[PDB]
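Below is one structure, written out as structure tokens; comments come after it.
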Amino acid sequence: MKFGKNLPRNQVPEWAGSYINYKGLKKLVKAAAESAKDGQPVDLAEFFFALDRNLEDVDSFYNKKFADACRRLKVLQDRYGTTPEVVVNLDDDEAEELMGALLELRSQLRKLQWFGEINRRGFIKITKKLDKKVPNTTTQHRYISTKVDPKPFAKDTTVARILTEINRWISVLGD
Ligand SMILES: O=P(O)(O)O[C@H]1[C@H](OP(=O)(O)O)[C@@H](OP(=O)(O)O)[C@H](OP(=O)(O)O)[C@@H](OP(=O)(O)O)[C@H]1OP(=O)(O)O
């Protein structure tokens with residue numbers, strides 16, 4: 001899959017500047033590729049520094065949003081309770097307000113997941129690109145496995161877990 005051309009299309013627009021800066025990372029790759037083309041040694045340290053910064057930022061952003069989503073879920077539990085079957089004790093206003101809150105939280109979680117998946121693709125694609133464009137460079141699988149795969153944005157399965165619950169609530173509430 002063409003990652004760079006599809007990036008705008010796959011970005012949660014409100015968070016655009018917090019995605020992996022694929023465009024800037026590609027210019028660092030191209031610089032290295034040019035040196036190798038000229039028969040010169042490369043210096044991949046500025047690519048990796050920038051890659052690491054991007055990784056820190058992506059993680060830090062995803063984690064903050066995830067902490068937000070959890071706080072939100074707690075506030076909804078405080079108001080409406082811990083299981084969806086409580087909907088039977090709600091009046092029509094309360095039940096509509098609940099539904100609104102649930103749809104918004106689901107939207108936020110879906111967006112968070114997609115942010116995670118697209119950023120992880122981006123790290124995988126940019127390193128693959130470096131490996132393809134620079135001689136005896138073999139970084140993709142090591143970098144992804146050792147630095148990206150341990151981060152919540154990449155490994156998270158809790159958002160999906162919470163999404164199934166929010167959806168179960170939404171269905172229980174519908175009836
Ligand atoms: O999506 P675009 O901005 O048009 O970029 C493409 C695309 O790169 P991305 O998928 O990384 O965005 C191609 O990458 P592949 O998916 O084919 O590996 C790659 O094609 P070549 O590797 O055949 O050249 C080429 O990237 P680059 O220029 O880094 O090679 C690049 O096109 P331009 O950068 O030339 O626009």
How big is the chain by the Kirkwood estimate over distinct Cα pairs, in Å? 18.4
The ³J(HN,Hα) series, computed from each phi in region 150-155 with the Karplus coefficients 6.51, -1.76 and 1.60 at θ = phi - 60°, rounded to the nearest Hz and given as x for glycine or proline, is x, 8, x, 4, 8, 9
What ³J(HN,Hα) values, in whole Hz, does the Karplus curve 6.51 cos²θ - 1.76 cosθ + 1.60 give for region 34-43 when θ = phi - 60°, with x put for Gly and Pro? 4, 4, 4, 3, 6, x, 9, x, 9, 9
Relative to the longest principal Cα axis of the chain, at what angle does helix 45-80 sit, 0 to 90 degrees, rounded to 10? 0
Residue-averaged [θ]222 nm for the chain, counting only DSSP H segments that reach four residues, each worth -39500 (n - 2.57): -23500 deg cm²/dmol
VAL75-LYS23 FRET efficiency (beta carbon distance; Förster radius 35 Å; 0.05 resolution): 0.40
Rounded to whole Å, √(5λ) for the Cα gyration tensor eigenvalues of region 90-140, largest first, gives 46, 5, 4
Sequence gap at least 6, Cα distance under 8 Å: using those rules, report the relative contact order of the chain to the nearest whole percent. 31
Here the FRET efficiency for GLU104 versus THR137, based on Cβ atoms and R0 = 41 Å and rounded to 0.05, is 0.35
Relative contact order, percent, region 1-98 [alpha-carbon distance under 8 Å, six or more residues apart]: 22
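Full-extension gain between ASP175 and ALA67, please, as 0.36 nm times their residue separation minus the C-alpha to C-alpha distance.
Between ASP175 and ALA67, full extension yields 35.9 nm more.
Values quoted throughout were computed directly from the atomic coordinates according to the rules given, and no laboratory measurement underlies them. Cβ sites come from the backbone with ideal geometry, for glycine too, and all protein chains shown count toward neighbours.
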